[PDB]
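Each remark here refers to the structure printed beneath this line.
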Amino acid sequence: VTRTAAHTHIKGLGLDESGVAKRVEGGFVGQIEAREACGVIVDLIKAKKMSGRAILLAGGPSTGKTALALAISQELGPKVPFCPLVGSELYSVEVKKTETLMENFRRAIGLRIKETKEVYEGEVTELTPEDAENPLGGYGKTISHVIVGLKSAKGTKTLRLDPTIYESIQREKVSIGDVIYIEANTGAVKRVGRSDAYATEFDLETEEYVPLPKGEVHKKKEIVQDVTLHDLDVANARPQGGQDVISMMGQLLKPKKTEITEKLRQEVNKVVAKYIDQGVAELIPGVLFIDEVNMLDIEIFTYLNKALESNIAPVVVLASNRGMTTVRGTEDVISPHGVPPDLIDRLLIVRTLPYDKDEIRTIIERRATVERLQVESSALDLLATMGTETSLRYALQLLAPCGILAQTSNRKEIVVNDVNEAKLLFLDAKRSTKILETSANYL
Amino acid sequence: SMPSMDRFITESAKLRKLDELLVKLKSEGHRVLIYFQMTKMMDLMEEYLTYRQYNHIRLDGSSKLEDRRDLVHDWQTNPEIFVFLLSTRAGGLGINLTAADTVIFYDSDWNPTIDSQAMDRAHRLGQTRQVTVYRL
Amino acid sequence: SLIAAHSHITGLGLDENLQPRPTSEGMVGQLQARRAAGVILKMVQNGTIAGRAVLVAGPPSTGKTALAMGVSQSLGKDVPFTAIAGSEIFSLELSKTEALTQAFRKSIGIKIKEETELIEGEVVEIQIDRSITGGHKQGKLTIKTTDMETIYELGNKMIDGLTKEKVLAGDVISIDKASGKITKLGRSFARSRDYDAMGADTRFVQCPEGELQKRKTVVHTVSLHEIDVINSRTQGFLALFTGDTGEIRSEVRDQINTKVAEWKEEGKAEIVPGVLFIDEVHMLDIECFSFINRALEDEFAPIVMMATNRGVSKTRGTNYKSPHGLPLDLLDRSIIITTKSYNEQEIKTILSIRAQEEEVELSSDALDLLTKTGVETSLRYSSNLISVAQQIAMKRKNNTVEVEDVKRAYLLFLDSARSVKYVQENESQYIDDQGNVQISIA
Amino acid sequence: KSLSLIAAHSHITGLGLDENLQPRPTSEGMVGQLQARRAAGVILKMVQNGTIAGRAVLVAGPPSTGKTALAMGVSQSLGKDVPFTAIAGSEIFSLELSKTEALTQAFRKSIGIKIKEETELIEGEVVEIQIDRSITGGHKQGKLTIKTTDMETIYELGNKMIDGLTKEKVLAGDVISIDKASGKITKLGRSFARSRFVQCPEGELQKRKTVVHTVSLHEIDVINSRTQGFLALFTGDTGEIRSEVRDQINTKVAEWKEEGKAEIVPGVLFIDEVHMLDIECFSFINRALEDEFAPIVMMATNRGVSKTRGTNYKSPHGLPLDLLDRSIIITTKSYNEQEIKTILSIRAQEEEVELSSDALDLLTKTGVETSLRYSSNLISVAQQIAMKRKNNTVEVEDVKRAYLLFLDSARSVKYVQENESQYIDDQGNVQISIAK
DNA sequence: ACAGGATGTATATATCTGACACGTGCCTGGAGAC
Ligand SMILES: Nc1ncnc2c1ncn2[C@@H]1O[C@H](COP(=O)(O)OP(=O)(O)O)[C@@H](O)[C@H]1O
Ligand SMILES: Nc1ncnc2c1ncn2[C@@H]1O[C@H](COP(=O)(O)OP(=O)(O)O)[C@@H](O)[C@H]1O
Ligand SMILES: Nc1ncnc2c1ncn2[C@@H]1O[C@H](COP(=O)(O)OP(=O)(O)O)[C@@H](O)[C@H]1O
């Protein structure tokens, strides 16, 4: 029916109203202390008061680190911006890594704005331009004004435009008998389609047929918009959407990342604070999630120390699975989790713990019942012993070949023989290393 | 991007199922009556009808008493009319609607007494074919 | 288009119970690996699960790339199969994660339903009105069939399609409304007055009858990466061919994912996942593996297949050694298929199939000698010797490869071990690792 | 103005000093560090005098001992219209600029030019608009009635003022501001008529407005280079401005200062984590400090006798000795327990957190035991644990619960070392299996 | 002091009349020249 991929049996942290966690709730099994700590972090994010609070999730492989961050994102809801990331993604070839980190910092602070629009709309009834006296004079356009007659439901208006608006109108290829939509905030013109007041079946260019727009031609409507700070920074750094030459040629050239200056961010902050002061906008801080944080080097860590101390930064969540490893970009610095001690001093570490046989067995039960598979009890116990012997993920990933081998024998139940056949056909890391060690020519 | 009729159709499940059987009902060459309850239950549906450019008229008692005299006459005389909208008690009381069989109830669940007169206006003497009642 | 290395493999050679035949569809031997690949093929064909990694490992010249070619051949049409090598990721205009993202998104196809109208008829009169500079174009087209006759209206691109492949009021054309394609089927009126400004020899077709306009439904498949590149900027369709798509932003991908889910909701489009095959995966950085570990957990992820032929080797970008050259966190979330080396009967059957593919007649003794030298040396060397021996036998004006031709080819063209021995016997004549060589022979 | 949630240094409003540059024990959100605060006050007076250029000051000490807080207090005490540039060390390793070019841009962003100018503005409340149009449209006549609370007048408009009033549509009852020379009309809002909302202006309609401008040297360098527009100040791709366009700016600024048309306002450039710069950057700084148009540079680092980047030897504070010869060093010391308690009380007061005395004693004890920053971070977590139990104040049990839930560095190191088989080490070895 | 049956409320509809609106034909007093 649907598609399942390594997750999506997790819907939330599954906590009570007082913060205590049920053992089996929300798709989670075990990890009670980590779930309660993540609930405290979720409440801290929902308080919307703090800036630059950073935690770190530490533990071994297959212990439930990224599942907790995904559960945090599901608990917060879609109105809070959540920016997933991998530590290898900060190494770009177009811009420096510091700018990529600051862009992903600004991408995690949302904004809700109740803005208003001025709209002229209706069906075009006439289109007559008036020429200039000296067309070849070098200065000034060919035309001077264009008379446009618009007709809507219980209304009719006549408009006199400059050549600037008419240039965008004729760029939209507007004829007589079309329904248009002029937005006065930017001069943008949208051609909705042919009107249905005329014949329909005599066209050859797959158009759509639109009724007459209701209400008057001139209108004022309120639109609720959800944007981030990075959207404003990008739209101001590379200007598009105006009717001038510079914003028109900006849509045609190839886009490229640029080092946004601090002055532009300060001006955008000033304008956004002015919008909030009028009661129009409202700030929604969010979460930045950097997975595999050991891939970063010392320069990004040293810039992260500076960037966490700013007065706008969101809540940062990191994850790592290294014991005591050298930091990348250095030679002698040995630190826990691959994170330097000055950054470790600014964190709050949440420990994650390994599982047992019972938790592995019920996790296999949950993953089997998510994937619409029916497993026998003896096969379930065999898979639980397999998971404790080798790996949890190897037992989880062997469910679908077992189901296929059961289906190819015209059967619905998964039995022990299917699990034995899947053991024979597919290997794991330890048996592959055993084959690699006793082999002739670098297998 | 302007609000899209399709997304308007597909975001409502009742209208989604309504658009399916109407295609084969038109392909059969038939006559359809649909009953309604709210204003906007019959203020959004003719947008869908004009999207399908179906021949339709709307009858309710908010309209004047003169129009009910000739709307029923134009329904019973013209065969090219396809869709006849209605409220509960506006035309389900004494109106001769023997030219159609398929009555479709959008939300007629108010009382069985009201619905028992509703198909009484259609399933009447003079019908020459089978009556298929669809309750949604 | 030419005779290639894996041109003799057409499928996997399996039954309905996924039991591999001993010799079928150009594949011999390797029953467990073929059965496992058939299970993976059924897993792709079901299309209900995402982000599963399969690793194919073994010694060199064993049939990993042959197995991947068999999987891609049995996968069928219109299902994407992206095959890349490990060294294509390192680019000068794209980061490694961006190139890996594009390679992941190229392997998911979107099948879109479309409604079109087909218009075929006989052209009566064309009127085209253009401005003085030729910018604005509009006009009316009068087309007809044997029963009906209609006057249409034309736009800019319809007029541009009519000006090319010039129609001369009596040609029979067919128009697709959604595609916008003009096809001139032929000439039916056969007019008398013809001026010498045209040199075509247009065919005599009949005037079509029946309905002028028909309704048709068409289905086409477009990958996710094409949709991203098209929606990225103004002229993205050229960048689909020139490769000038530099680091598409994440907002584009988020909005495309939401729009694709919306199209799936309305019944307009459906999702057909495919296979991404990364051959020679050991030539990848540690950052690529760290990206793959999180890219496999997404909703829109294909079935990733990797192949390698390394033992406990050094991982690139690190200073330690790992099994297969891959780190253990990636190996935890992968499923390993192991391939075995070949017998002599399998080698003889391989050589016979490759000889039949290259259209070479072989004797029994020549095949036995080729089997013996393919057992002693590698298999690929004895497979390469076949065409050379065929040319040598063709030089003597007989179309049958004999033992003397195989001996001559073995004499002329060397092996790896023979070349290593000849280098080590005369090491002063070659340039050493210290750059010393005796060029004088005295 | 200046939107912000809560910063890590938000409680500091400046250096706590009297008129004789002596530090109070607690003032303006700064606790302790008397000698460092006195030295920073001397440096602030040196910046305020403005007769001394190109002096380098190094702030060194252990981590989490008031180093960035001192520079934050200096930047607060500097006031407005004096440039302050704060960059990290790893921000100059760019892809489109060389390191010396980025350092030159950061140096020239901290020198300002103060220009005062005069202009004529008309700002009032629009009473009535009369616009008559001919059939041919050859000429436009008009009359504009505008008023303040003290005056009333009626104007006769020309053609282009009529065109500039039709554009940016002005109705009756609006409050607008008109520039005569440039022709720019700004709608300040709507006057108090209920039928955004701004009070009616007072006094004269025609007024003289003196505006004091402050332009950095970098802006003049960008503008005077004709290959780039002024949009490079916002997009950021100035792209290695040529050397010969800077001497013209220097000579012109010297000429303007001689003629009395402008004044030079020097500022402070602050480099945080200075140990991440290369040796070439230090060699460039050695000559860039000796210029006349050079600001006062404050650098901060916490390393001690480490390897200088780009070399293969070790040097004190990670800096070579020729740069340390050009600097005067301010040294910070570790904190006492009473100062830790006062700092934690100030941080709890900033976050409007009510603490019991026993909770404050527990936080002070665990701050002496582990870290100041860990005890600072625990307050906001324990507050949310307190709101989970539906009480306002923060008790001892909430602090103990937060201490149990969230670990520190030493406990995490202990848990890693006790179970190092389950983690990935430097050799890439791990044991994911539970049994055997 | 509590239960049970009355109205009260809400939140949509529905039909239907009441007291305003707007639109049109056509004459006599306003406009122009003197
Ligand atoms: N408590 C749990 N309940 C259910 N599934 C879990 C739990 N913990 C881990 N898993 C599963 O085990 C896998 C662990 O991978 P993940 O948590 O993403 O990163 P890591 O491998 O570093 O722990 C995930 O696929 C997740 O679905
Ligand atoms: N079972 C098989 N059927 C057909 N050809 C095979 C088979 N096994 C190997 N080959 C041949 O061997 C070569 C493939 O070897 P190779 O690509 O090196 O495998 P791998 O890359 O996995 O080591 C191809 O020339 C192929 O024709
Ligand atoms: N004298 C002080 N007064 C107020 N707060 C201080 C003082 N010293 C340190 N702090 C606080 O301690 C924390 C760490 O100090 P900081 O100077 O930022 O780090 P570092 O010393 O490593 O540069 C900051 O949040 C700061 O507010």
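Quick note on naming: the chains in the structure tokens go A, B, ... in the order shown, residues restart at 1 in each chain, and ligands are numbered from 1 in order of appearance.
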Which residues, written as a list in words, have at least one atom at most 12 Å from residue 136 in chain C, with only C-alpha atoms (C1' of nucleotides) counted and residues fewer than 3 positions away on the same chain left out?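 These residues fall inside the cut-off: residues 170, 171, 173, 174 and 175 of chain A; 128, 129, 130, 131, 132, 133, 139, 154, 155, 156, 157, 159 and 160 of chain C.
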Residues from the last selection, N, CA, C and O atoms, saved as a PDB file, in the first residue's frame:
ATOM      1  N   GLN A 170       2.497  42.598 -21.738  1.00  0.00           N
ATOM      2  CA  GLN A 170       2.751  41.984 -23.031  1.00  0.00           C
ATOM      3  C   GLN A 170       3.811  40.896 -22.950  1.00  0.00           C
ATOM      4  O   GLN A 170       3.882  40.055 -23.851  1.00  0.00           O
ATOM      5  N   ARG A 171       4.627  40.881 -21.892  1.00  0.00           N
ATOM      6  CA  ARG A 171       5.451  39.712 -21.624  1.00  0.00           C
ATOM      7  C   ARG A 171       4.608  38.526 -21.204  1.00  0.00           C
ATOM      8  O   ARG A 171       4.986  37.382 -21.469  1.00  0.00           O
ATOM      9  N   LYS A 173       1.806  38.006 -22.577  1.00  0.00           N
ATOM     10  CA  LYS A 173       1.088  37.745 -23.828  1.00  0.00           C
ATOM     11  C   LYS A 173      -0.427  37.818 -23.630  1.00  0.00           C
ATOM     12  O   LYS A 173      -1.158  36.845 -23.817  1.00  0.00           O
ATOM     13  N   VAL A 174      -0.884  39.006 -23.259  1.00  0.00           N
ATOM     14  CA  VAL A 174      -2.286  39.249 -22.941  1.00  0.00           C
ATOM     15  C   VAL A 174      -3.006  39.720 -24.196  1.00  0.00           C
ATOM     16  O   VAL A 174      -2.567  40.669 -24.854  1.00  0.00           O
ATOM     17  N   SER A 175      -4.108  39.059 -24.530  1.00  0.00           N
ATOM     18  CA  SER A 175      -4.941  39.416 -25.668  1.00  0.00           C
ATOM     19  C   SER A 175      -6.293  39.924 -25.171  1.00  0.00           C
ATOM     20  O   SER A 175      -6.512  40.096 -23.971  1.00  0.00           O
TER      21      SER A 175
ATOM     22  N   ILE C 128      -2.373  33.350 -42.031  1.00  0.00           N
ATOM     23  CA  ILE C 128      -1.393  33.704 -41.011  1.00  0.00           C
ATOM     24  C   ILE C 128      -1.205  35.210 -41.041  1.00  0.00           C
ATOM     25  O   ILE C 128      -0.835  35.772 -42.077  1.00  0.00           O
ATOM     26  N   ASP C 129      -1.459  35.862 -39.912  1.00  0.00           N
ATOM     27  CA  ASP C 129      -1.294  37.304 -39.779  1.00  0.00           C
ATOM     28  C   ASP C 129      -0.126  37.580 -38.846  1.00  0.00           C
ATOM     29  O   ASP C 129      -0.155  37.176 -37.681  1.00  0.00           O
ATOM     30  N   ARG C 130       0.884  38.279 -39.346  1.00  0.00           N
ATOM     31  CA  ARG C 130       2.043  38.643 -38.548  1.00  0.00           C
ATOM     32  C   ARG C 130       2.240  40.148 -38.582  1.00  0.00           C
ATOM     33  O   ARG C 130       1.766  40.835 -39.487  1.00  0.00           O
ATOM     34  N   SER C 131       2.980  40.655 -37.604  1.00  0.00           N
ATOM     35  CA  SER C 131       3.290  42.076 -37.551  1.00  0.00           C
ATOM     36  C   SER C 131       4.415  42.388 -38.535  1.00  0.00           C
ATOM     37  O   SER C 131       4.874  41.526 -39.290  1.00  0.00           O
ATOM     38  N   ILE C 132       4.870  43.641 -38.542  1.00  0.00           N
ATOM     39  CA  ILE C 132       5.884  44.062 -39.503  1.00  0.00           C
ATOM     40  C   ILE C 132       7.240  43.452 -39.166  1.00  0.00           C
ATOM     41  O   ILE C 132       7.954  42.971 -40.053  1.00  0.00           O
ATOM     42  N   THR C 133       7.606  43.440 -37.888  1.00  0.00           N
ATOM     43  CA  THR C 133       8.866  42.833 -37.484  1.00  0.00           C
ATOM     44  C   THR C 133       8.763  41.331 -37.276  1.00  0.00           C
ATOM     45  O   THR C 133       9.777  40.695 -36.975  1.00  0.00           O
ATOM     46  N   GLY C 139      -3.494  33.639 -36.340  1.00  0.00           N
ATOM     47  CA  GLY C 139      -4.162  33.271 -37.570  1.00  0.00           C
ATOM     48  C   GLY C 139      -5.201  32.197 -37.350  1.00  0.00           C
ATOM     49  O   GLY C 139      -5.435  31.739 -36.230  1.00  0.00           O
ATOM     50  N   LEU C 154      -4.972  29.757 -34.127  1.00  0.00           N
ATOM     51  CA  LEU C 154      -3.569  29.403 -34.006  1.00  0.00           C
ATOM     52  C   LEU C 154      -2.845  30.368 -33.080  1.00  0.00           C
ATOM     53  O   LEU C 154      -3.204  31.542 -32.961  1.00  0.00           O
ATOM     54  N   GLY C 155      -1.815  29.850 -32.419  1.00  0.00           N
ATOM     55  CA  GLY C 155      -0.969  30.655 -31.561  1.00  0.00           C
ATOM     56  C   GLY C 155       0.413  30.839 -32.150  1.00  0.00           C
ATOM     57  O   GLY C 155       0.606  30.619 -33.347  1.00  0.00           O
ATOM     58  N   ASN C 156       1.377  31.246 -31.326  1.00  0.00           N
ATOM     59  CA  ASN C 156       2.734  31.463 -31.821  1.00  0.00           C
ATOM     60  C   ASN C 156       3.417  30.149 -32.170  1.00  0.00           C
ATOM     61  O   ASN C 156       3.979  30.000 -33.263  1.00  0.00           O
ATOM     62  N   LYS C 157       3.368  29.175 -31.261  1.00  0.00           N
ATOM     63  CA  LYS C 157       4.108  27.941 -31.484  1.00  0.00           C
ATOM     64  C   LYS C 157       3.429  27.061 -32.523  1.00  0.00           C
ATOM     65  O   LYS C 157       4.105  26.298 -33.219  1.00  0.00           O
ATOM     66  N   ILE C 159       1.921  28.301 -35.226  1.00  0.00           N
ATOM     67  CA  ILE C 159       2.344  28.921 -36.473  1.00  0.00           C
ATOM     68  C   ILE C 159       3.800  28.582 -36.772  1.00  0.00           C
ATOM     69  O   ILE C 159       4.162  28.306 -37.923  1.00  0.00           O
ATOM     70  N   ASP C 160       4.646  28.558 -35.737  1.00  0.00           N
ATOM     71  CA  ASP C 160       6.047  28.181 -35.921  1.00  0.00           C
ATOM     72  C   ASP C 160       6.183  26.727 -36.350  1.00  0.00           C
ATOM     73  O   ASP C 160       7.056  26.393 -37.156  1.00  0.00           O
TER      74      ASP C 160
END
Using only C-alpha atoms (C1' of nucleotides) and all ligand atoms, find each protein or nucleic acid residue lying at most 8 Å from ligand 2; present the set as a PyMOL selection string. chain C and resi 5-9+26-30+56-67+307-309+339+350+353-354+379-380+383
From the DSSP assignment of the backbone, select every residue of range 176-251 of chain D that is strand (DSSP E or B), and format the answer as a list in words.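 In range 176-251 of chain D, DSSP puts these residues in strand (DSSP E or B): residues 176, 177, 178, 179, 185, 186, 187, 188, 189, 190, 197, 206, 207, 208, 209, 210, 211, 212, 213, 214, 215 and 216 of chain D.
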If the limit is 6 Å from any atom of ligand 3, counting only C-alpha atoms (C1' of nucleotides) and all ligand atoms, which residues qualify? Return them as a PyMOL selection string. chain D and resi 8-9+29-32+63-69+343+373
At a cut-off of 7 Å around ligand 1, and using only C-alpha atoms (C1' of nucleotides) and all ligand atoms, what residues come up? Please write them as a list in words.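 After applying the 7 Å limit, what remains is residues 6, 7, 27, 28, 29, 30, 31, 60, 61, 62, 63, 64, 65, 66, 67, 321, 363 and 393 of chain A.
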Using CA of residue 346 in chain A and CA of residue 420 in chain D as the two end points, give the distance in Å to one decimal. 23.7 Å
Using only C-alpha atoms (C1' of nucleotides), what does the table of chain E residues within 12 Å of chain B look like, with each row giving the shortest atom pair and its distance in Å to one decimal, sorted by chain and ascending number, as a tab-separated table?
residue	atom	partner	partner_atom	distance
E:12	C1'	B:38	CA	8.1
E:13	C1'	B:38	CA	5.6
E:14	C1'	B:61	CA	8.3
E:15	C1'	B:61	CA	6.0
E:16	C1'	B:62	CA	8.2
Output as a count of residues only the set of chain A residues within 7 Å of chain D, with distances taken over only C-alpha atoms. 48
All residues 12 Å or closer to residue 92 in chain C, only C-alpha atoms (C1' of nucleotides), same chain fewer than 3 positions away omitted, as a PDB file with N, CA and C atoms, in the first residue's frame:
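What follows is the written file selection14.pdb:
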ATOM      1  N   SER A  92      31.202  22.871   0.634  1.00  0.00           N
ATOM      2  CA  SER A  92      30.745  23.257  -0.689  1.00  0.00           C
ATOM      3  C   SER A  92      31.916  23.732  -1.537  1.00  0.00           C
ATOM      4  N   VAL A  93      31.683  23.784  -2.849  1.00  0.00           N
ATOM      5  CA  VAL A  93      32.686  24.275  -3.788  1.00  0.00           C
ATOM      6  C   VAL A  93      32.371  25.670  -4.300  1.00  0.00           C
ATOM      7  N   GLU A  94      31.208  26.220  -3.968  1.00  0.00           N
ATOM      8  CA  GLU A  94      30.824  27.552  -4.412  1.00  0.00           C
ATOM      9  C   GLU A  94      31.100  28.626  -3.373  1.00  0.00           C
TER      10      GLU A  94
ATOM     11  N   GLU C  88      33.308   9.130 -10.227  1.00  0.00           N
ATOM     12  CA  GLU C  88      32.588  10.210 -10.886  1.00  0.00           C
ATOM     13  C   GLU C  88      32.060  11.253  -9.914  1.00  0.00           C
ATOM     14  N   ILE C  89      32.096  10.975  -8.613  1.00  0.00           N
ATOM     15  CA  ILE C  89      31.552  11.900  -7.625  1.00  0.00           C
ATOM     16  C   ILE C  89      32.435  13.132  -7.493  1.00  0.00           C
ATOM     17  N   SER C  95      29.750  19.760  -5.171  1.00  0.00           N
ATOM     18  CA  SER C  95      30.255  19.072  -3.997  1.00  0.00           C
ATOM     19  C   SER C  95      29.873  17.595  -4.059  1.00  0.00           C
ATOM     20  N   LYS C  96      30.499  16.800  -3.188  1.00  0.00           N
ATOM     21  CA  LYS C  96      30.284  15.356  -3.204  1.00  0.00           C
ATOM     22  C   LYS C  96      28.866  14.996  -2.786  1.00  0.00           C
ATOM     23  N   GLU C  98      26.192  16.896  -3.107  1.00  0.00           N
ATOM     24  CA  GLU C  98      25.258  17.313  -4.148  1.00  0.00           C
ATOM     25  C   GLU C  98      25.238  16.325  -5.309  1.00  0.00           C
ATOM     26  N   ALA C  99      26.412  15.833  -5.710  1.00  0.00           N
ATOM     27  CA  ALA C  99      26.482  14.833  -6.768  1.00  0.00           C
ATOM     28  C   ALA C  99      25.836  13.525  -6.337  1.00  0.00           C
ATOM     29  N   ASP C 244      24.827  21.999 -16.458  1.00  0.00           N
ATOM     30  CA  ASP C 244      25.114  23.226 -15.718  1.00  0.00           C
ATOM     31  C   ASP C 244      24.093  23.474 -14.612  1.00  0.00           C
ATOM     32  N   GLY C 246      24.207  23.815 -10.953  1.00  0.00           N
ATOM     33  CA  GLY C 246      25.150  23.922  -9.863  1.00  0.00           C
ATOM     34  C   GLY C 246      24.530  24.124  -8.499  1.00  0.00           C
ATOM     35  N   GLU C 247      24.436  23.039  -7.720  1.00  0.00           N
ATOM     36  CA  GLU C 247      24.066  23.047  -6.301  1.00  0.00           C
ATOM     37  C   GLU C 247      22.675  23.654  -6.080  1.00  0.00           C
TER      38      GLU C 247
END
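Counting only C-alpha atoms, every residue of chain A that comes within 10 Å of chain B is listed here: residues 181, 190, 191, 192, 196, 208, 209, 210 and 211 of chain A.
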Residues of chain C within 9 Å of chain B, counting only C-alpha atoms, as a VMD selection string: chain C and resid 262 265 to 266
From a DSSP calculation on the backbone, collect every residue of range 15-47 of chain B in alpha helix (DSSP H) and output the set as an NGL selection string. :B and (15-28 or 45-47)
Considering only C-alpha atoms, extract the chain C residues located within 9 Å of chain D and return them as a list in words. residues 319, 320, 321, 322, 327, 328, 329 and 332 of chain C
Could you write out the selected residues, including C-alpha atoms, as a PDB file, in the first residue's frame?
ATOM      1  CA  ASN C 319      44.394   6.258   8.168  1.00  0.00           C
ATOM      2  CA  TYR C 320      43.085   2.804   9.087  1.00  0.00           C
ATOM      3  CA  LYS C 321      41.958  -0.366   7.348  1.00  0.00           C
ATOM      4  CA  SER C 322      38.426  -1.739   7.109  1.00  0.00           C
ATOM      5  CA  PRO C 327      33.456   1.591   7.459  1.00  0.00           C
ATOM      6  CA  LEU C 328      31.545  -0.542   9.919  1.00  0.00           C
ATOM      7  CA  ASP C 329      28.566   1.792  10.396  1.00  0.00           C
ATOM      8  CA  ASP C 332      25.924  -2.506   9.613  1.00  0.00           C
TER       9      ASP C 332
END
Any idea what the distance is between CA of residue 373 in chain A and CA of residue 39 in chain C?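 A separation of 16.6 Å between them.
With CA of residue 256 in chain A on one side and CA of residue 94 in chain C on the other, the separation reads 11.8 Å.
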Counting only C-alpha atoms, the option among C:239, C:79, C:50, C:172 closest to chain A: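 Using only C-alpha atoms, the shortest distance to chain A belongs to C:50.
Among the candidates A:358, A:103, A:25, A:277, the one nearest to chain C when counting only C-alpha atoms is A:103.
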Name the residues in contact with range 360-369 of chain C at a cut-off of 10 Å, using only C-alpha atoms (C1' of nucleotides), excluding same-chain residues fewer than 5 positions from it; report them as a short mmCIF file (atom, residue, chain, number, x, y, z; two decimals) with N, CA and C atoms, in the first residue's frame.
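The resulting selection-v7.cif:
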data_model
loop_
_atom_site.label_atom_id
_atom_site.label_comp_id
_atom_site.auth_asym_id
_atom_site.auth_seq_id
_atom_site.Cartn_x
_atom_site.Cartn_y
_atom_site.Cartn_z
N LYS C 348 34.81 -23.38 -19.32
CA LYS C 348 34.60 -23.87 -20.68
C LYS C 348 33.26 -23.40 -21.24
N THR C 349 32.21 -23.41 -20.42
CA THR C 349 30.91 -22.94 -20.88
C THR C 349 30.91 -21.43 -21.13
N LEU C 351 33.55 -19.65 -22.07
CA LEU C 351 34.30 -19.43 -23.30
C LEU C 351 33.49 -19.83 -24.53
N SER C 352 32.69 -20.90 -24.42
CA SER C 352 31.84 -21.29 -25.54
C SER C 352 30.76 -20.26 -25.82
N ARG C 354 30.92 -16.99 -25.04
CA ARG C 354 31.58 -15.81 -25.58
C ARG C 354 32.06 -16.02 -27.01
N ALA C 355 32.39 -17.25 -27.38
CA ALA C 355 32.75 -17.53 -28.76
C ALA C 355 31.53 -17.48 -29.67
N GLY C 374 42.85 -20.74 -19.61
CA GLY C 374 42.01 -19.87 -18.82
C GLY C 374 41.92 -20.34 -17.39
N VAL C 375 42.25 -21.60 -17.16
CA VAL C 375 42.39 -22.09 -15.79
C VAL C 375 43.73 -21.65 -15.21
N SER C 382 41.94 -15.46 -21.65
CA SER C 382 41.54 -16.47 -22.62
C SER C 382 40.28 -16.05 -23.37
N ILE C 386 40.22 -14.90 -28.17
CA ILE C 386 39.37 -15.54 -29.17
C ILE C 386 39.33 -14.74 -30.46
N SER C 387 39.14 -13.42 -30.37
CA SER C 387 39.03 -12.59 -31.57
C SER C 387 40.36 -12.46 -32.28
N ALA C 389 42.75 -14.80 -32.23
CA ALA C 389 42.93 -16.08 -32.91
C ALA C 389 42.04 -16.20 -34.14
N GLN C 390 40.84 -15.61 -34.09
CA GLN C 390 39.96 -15.61 -35.25
C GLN C 390 40.55 -14.81 -36.40
N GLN C 391 41.16 -13.66 -36.10
CA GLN C 391 41.79 -12.86 -37.15
C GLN C 391 43.02 -13.56 -37.72
N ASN C 399 38.01 -20.28 -42.27
CA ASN C 399 37.13 -19.75 -41.23
C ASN C 399 36.89 -20.76 -40.11
N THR C 400 37.97 -21.30 -39.55
CA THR C 400 37.89 -22.18 -38.39
C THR C 400 39.15 -22.01 -37.58
N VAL C 401 39.00 -21.67 -36.30
CA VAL C 401 40.15 -21.45 -35.44
C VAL C 401 40.68 -22.81 -35.00
N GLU C 402 41.96 -23.05 -35.25
CA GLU C 402 42.62 -24.30 -34.91
C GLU C 402 43.58 -24.08 -33.75
N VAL C 403 44.31 -25.14 -33.40
CA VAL C 403 45.24 -25.09 -32.28
C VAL C 403 46.44 -24.21 -32.62
N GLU C 404 46.85 -24.19 -33.89
CA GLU C 404 48.00 -23.38 -34.29
C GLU C 404 47.71 -21.89 -34.16
N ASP C 405 46.47 -21.48 -34.42
CA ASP C 405 46.09 -20.08 -34.25
C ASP C 405 46.10 -19.67 -32.79
N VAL C 406 45.63 -20.55 -31.91
CA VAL C 406 45.64 -20.25 -30.48
C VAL C 406 47.07 -20.22 -29.96
N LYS C 407 47.93 -21.10 -30.47
CA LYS C 407 49.33 -21.08 -30.07
C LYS C 407 50.04 -19.83 -30.57
#
